[PDB]
>>> print(open('structure.cif').read())   # mmCIF, N, CA and C atoms; chains and numbers go by the auth columns
data_work
loop_
_atom_site.group_PDB
_atom_site.id
_atom_site.type_symbol
_atom_site.label_atom_id
_atom_site.label_comp_id
_atom_site.label_asym_id
_atom_site.label_seq_id
_atom_site.Cartn_x
_atom_site.Cartn_y
_atom_site.Cartn_z
_atom_site.B_iso_or_equiv
_atom_site.auth_seq_id
_atom_site.auth_asym_id
ATOM 1 N N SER A 1 10.301 -9.922 0.512 0.00 1 A
ATOM 2 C CA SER A 1 11.689 -9.737 0.050 0.00 1 A
ATOM 3 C C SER A 1 12.430 -8.814 1.012 0.00 1 A
ATOM 4 N N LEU A 2 13.762 -8.770 0.912 0.00 2 A
ATOM 5 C CA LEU A 2 14.579 -7.773 1.605 0.00 2 A
ATOM 6 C C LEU A 2 14.165 -6.362 1.194 0.00 2 A
ATOM 7 N N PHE A 3 13.804 -6.210 -0.080 0.00 3 A
ATOM 8 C CA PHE A 3 13.284 -4.948 -0.600 0.00 3 A
ATOM 9 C C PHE A 3 11.970 -4.592 0.075 0.00 3 A
ATOM 10 N N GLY A 4 11.099 -5.591 0.205 0.00 4 A
ATOM 11 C CA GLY A 4 9.908 -5.537 1.038 0.00 4 A
ATOM 12 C C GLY A 4 10.231 -5.061 2.457 0.00 4 A
ATOM 13 N N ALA A 5 11.259 -5.623 3.109 0.00 5 A
ATOM 14 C CA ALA A 5 11.663 -5.204 4.450 0.00 5 A
ATOM 15 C C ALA A 5 12.151 -3.746 4.492 0.00 5 A
ATOM 16 N N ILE A 6 12.798 -3.255 3.427 0.00 6 A
ATOM 17 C CA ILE A 6 13.087 -1.862 3.156 0.00 6 A
ATOM 18 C C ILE A 6 11.762 -1.111 2.970 0.00 6 A
ATOM 19 N N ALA A 7 11.327 -1.015 1.721 0.00 7 A
ATOM 20 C CA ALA A 7 10.213 -0.211 1.242 0.00 7 A
ATOM 21 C C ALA A 7 8.969 -0.359 2.124 0.00 7 A
ATOM 22 N N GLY A 8 8.613 -1.572 2.560 0.00 8 A
ATOM 23 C CA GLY A 8 7.425 -1.804 3.373 0.00 8 A
ATOM 24 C C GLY A 8 7.499 -1.166 4.762 0.00 8 A
ATOM 25 N N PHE A 9 8.703 -0.897 5.287 0.00 9 A
ATOM 26 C CA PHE A 9 8.873 -0.064 6.475 0.00 9 A
ATOM 27 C C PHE A 9 8.612 1.400 6.112 0.00 9 A
ATOM 28 N N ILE A 10 9.189 1.889 5.006 0.00 10 A
ATOM 29 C CA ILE A 10 9.042 3.238 4.508 0.00 10 A
ATOM 30 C C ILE A 10 7.553 3.510 4.271 0.00 10 A
ATOM 31 N N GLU A 11 6.807 2.577 3.677 0.00 11 A
ATOM 32 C CA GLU A 11 5.392 2.709 3.357 0.00 11 A
ATOM 33 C C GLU A 11 4.488 3.021 4.577 0.00 11 A
ATOM 34 N N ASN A 12 5.039 3.087 5.797 0.00 12 A
ATOM 35 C CA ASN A 12 4.456 3.778 6.946 0.00 12 A
ATOM 36 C C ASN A 12 5.459 4.778 7.542 0.00 12 A
ATOM 37 N N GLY A 13 6.667 4.323 7.898 0.00 13 A
ATOM 38 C CA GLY A 13 7.614 5.075 8.717 0.00 13 A
ATOM 39 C C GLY A 13 8.390 6.154 7.961 0.00 13 A
ATOM 40 N N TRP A 14 8.274 6.210 6.629 0.00 14 A
ATOM 41 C CA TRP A 14 8.952 7.181 5.779 0.00 14 A
ATOM 42 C C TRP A 14 8.636 8.596 6.207 0.00 14 A
ATOM 43 N N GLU A 15 7.351 8.872 6.422 0.00 15 A
ATOM 44 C CA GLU A 15 6.884 10.250 6.447 0.00 15 A
ATOM 45 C C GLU A 15 7.335 10.993 7.711 0.00 15 A
ATOM 46 N N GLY A 16 7.724 10.264 8.766 0.00 16 A
ATOM 47 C CA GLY A 16 8.345 10.839 9.956 0.00 16 A
ATOM 48 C C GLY A 16 9.850 11.076 9.794 0.00 16 A
ATOM 49 N N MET A 17 10.435 10.673 8.658 0.00 17 A
ATOM 50 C CA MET A 17 11.870 10.634 8.390 0.00 17 A
ATOM 51 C C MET A 17 12.224 11.338 7.067 0.00 17 A
ATOM 52 N N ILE A 18 11.268 12.042 6.441 0.00 18 A
ATOM 53 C CA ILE A 18 11.438 12.728 5.157 0.00 18 A
ATOM 54 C C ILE A 18 12.622 13.696 5.230 0.00 18 A
ATOM 55 N N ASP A 19 12.704 14.478 6.310 0.00 19 A
ATOM 56 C CA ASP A 19 13.682 15.532 6.601 0.00 19 A
ATOM 57 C C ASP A 19 15.117 15.003 6.808 0.00 19 A
ATOM 58 N N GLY A 20 15.405 13.787 6.338 0.00 20 A
ATOM 59 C CA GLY A 20 16.644 13.056 6.574 0.00 20 A
ATOM 60 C C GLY A 20 17.788 13.419 5.620 0.00 20 A
#
>>> encode(input="structure.cif", output="structure tokens")
Amino acid sequence: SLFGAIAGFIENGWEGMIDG
């Protein structure tokens, strides 16, 4: 899903971007 394309990026790349 588009939500998948959102959240599934976050499910790795989130933690380098928390301070956003």
>>> atom_distance(input="structure.cif", atom1="atom N of residue A:19", atom2="atom N of residue A:1")
25.2 Å
>>> atom_distance(input="structure.cif", atom1="atom C of residue A:17", atom2="atom C of residue A:5")
15.3 Å
>>> axis_aligned_box(input="structure.cif", around="stretch 10-18 of chain A", padding_each_side="8 Å", output="lines of an AutoDock Vina configuration file")
center_x = 8.5
center_y = 7.8
center_z = 6.7
size_x = 24.2
size_y = 27.8
size_z = 22.6
>>> select_by_dssp(input="structure.cif", residues="chain A", states="helix (DSSP H, G or I)", output="NGL selection string")
:A and (2-16)
>>> atom_distance(input="structure.cif", atom1="atom C of residue A:3", atom2="atom CA of residue A:18")
18.1 Å
>>> decode(input="structure.cif", residues="chain A", atoms="N, CA and C atoms", output="PDB file, in the first residue's frame")
ATOM      1  N   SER A   1       0.850  -1.205   0.000  1.00  0.00           N
ATOM      2  CA  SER A   1       0.000   0.000   0.000  1.00  0.00           C
ATOM      3  C   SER A   1       0.879   1.246   0.000  1.00  0.00           C
ATOM      4  N   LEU A   2       0.289   2.410  -0.292  1.00  0.00           N
ATOM      5  CA  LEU A   2       0.948   3.703  -0.110  1.00  0.00           C
ATOM      6  C   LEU A   2       1.361   3.893   1.347  1.00  0.00           C
ATOM      7  N   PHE A   3       0.524   3.399   2.258  1.00  0.00           N
ATOM      8  CA  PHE A   3       0.827   3.408   3.687  1.00  0.00           C
ATOM      9  C   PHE A   3       2.049   2.552   3.980  1.00  0.00           C
ATOM     10  N   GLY A   4       2.083   1.370   3.368  1.00  0.00           N
ATOM     11  CA  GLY A   4       3.260   0.516   3.301  1.00  0.00           C
ATOM     12  C   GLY A   4       4.492   1.286   2.821  1.00  0.00           C
ATOM     13  N   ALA A   5       4.385   2.059   1.730  1.00  0.00           N
ATOM     14  CA  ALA A   5       5.499   2.860   1.222  1.00  0.00           C
ATOM     15  C   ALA A   5       5.947   3.946   2.214  1.00  0.00           C
ATOM     16  N   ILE A   6       5.022   4.523   2.993  1.00  0.00           N
ATOM     17  CA  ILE A   6       5.265   5.346   4.161  1.00  0.00           C
ATOM     18  C   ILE A   6       5.949   4.490   5.234  1.00  0.00           C
ATOM     19  N   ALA A   7       5.137   3.910   6.108  1.00  0.00           N
ATOM     20  CA  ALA A   7       5.520   3.204   7.321  1.00  0.00           C
ATOM     21  C   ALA A   7       6.672   2.224   7.084  1.00  0.00           C
ATOM     22  N   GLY A   8       6.666   1.455   5.990  1.00  0.00           N
ATOM     23  CA  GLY A   8       7.705   0.472   5.707  1.00  0.00           C
ATOM     24  C   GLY A   8       9.079   1.091   5.441  1.00  0.00           C
ATOM     25  N   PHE A   9       9.145   2.365   5.027  1.00  0.00           N
ATOM     26  CA  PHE A   9      10.397   3.116   4.996  1.00  0.00           C
ATOM     27  C   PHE A   9      10.811   3.473   6.427  1.00  0.00           C
ATOM     28  N   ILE A  10       9.881   3.981   7.246  1.00  0.00           N
ATOM     29  CA  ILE A  10      10.091   4.359   8.625  1.00  0.00           C
ATOM     30  C   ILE A  10      10.598   3.136   9.394  1.00  0.00           C
ATOM     31  N   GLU A  11      10.019   1.951   9.188  1.00  0.00           N
ATOM     32  CA  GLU A  11      10.371   0.712   9.870  1.00  0.00           C
ATOM     33  C   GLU A  11      11.857   0.300   9.717  1.00  0.00           C
ATOM     34  N   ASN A  12      12.666   1.048   8.953  1.00  0.00           N
ATOM     35  CA  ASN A  12      14.125   1.072   9.047  1.00  0.00           C
ATOM     36  C   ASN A  12      14.633   2.509   9.230  1.00  0.00           C
ATOM     37  N   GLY A  13      14.258   3.430   8.333  1.00  0.00           N
ATOM     38  CA  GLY A  13      14.867   4.752   8.216  1.00  0.00           C
ATOM     39  C   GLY A  13      14.389   5.765   9.256  1.00  0.00           C
ATOM     40  N   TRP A  14      13.367   5.430  10.053  1.00  0.00           N
ATOM     41  CA  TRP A  14      12.807   6.292  11.086  1.00  0.00           C
ATOM     42  C   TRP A  14      13.871   6.732  12.067  1.00  0.00           C
ATOM     43  N   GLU A  15      14.669   5.775  12.536  1.00  0.00           N
ATOM     44  CA  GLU A  15      15.447   5.990  13.748  1.00  0.00           C
ATOM     45  C   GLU A  15      16.613   6.961  13.525  1.00  0.00           C
ATOM     46  N   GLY A  16      17.021   7.180  12.267  1.00  0.00           N
ATOM     47  CA  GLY A  16      17.989   8.210  11.903  1.00  0.00           C
ATOM     48  C   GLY A  16      17.360   9.598  11.748  1.00  0.00           C
ATOM     49  N   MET A  17      16.031   9.708  11.874  1.00  0.00           N
ATOM     50  CA  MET A  17      15.228  10.891  11.579  1.00  0.00           C
ATOM     51  C   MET A  17      14.297  11.258  12.749  1.00  0.00           C
ATOM     52  N   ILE A  18      14.454  10.617  13.917  1.00  0.00           N
ATOM     53  CA  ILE A  18      13.621  10.823  15.104  1.00  0.00           C
ATOM     54  C   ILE A  18      13.615  12.304  15.493  1.00  0.00           C
ATOM     55  N   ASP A  19      14.792  12.935  15.506  1.00  0.00           N
ATOM     56  CA  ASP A  19      15.082  14.317  15.904  1.00  0.00           C
ATOM     57  C   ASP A  19      14.464  15.373  14.964  1.00  0.00           C
ATOM     58  N   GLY A  20      13.460  14.989  14.172  1.00  0.00           N
ATOM     59  CA  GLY A  20      12.860  15.790  13.112  1.00  0.00           C
ATOM     60  C   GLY A  20      11.778  16.765  13.587  1.00  0.00           C
TER      61      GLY A  20
END
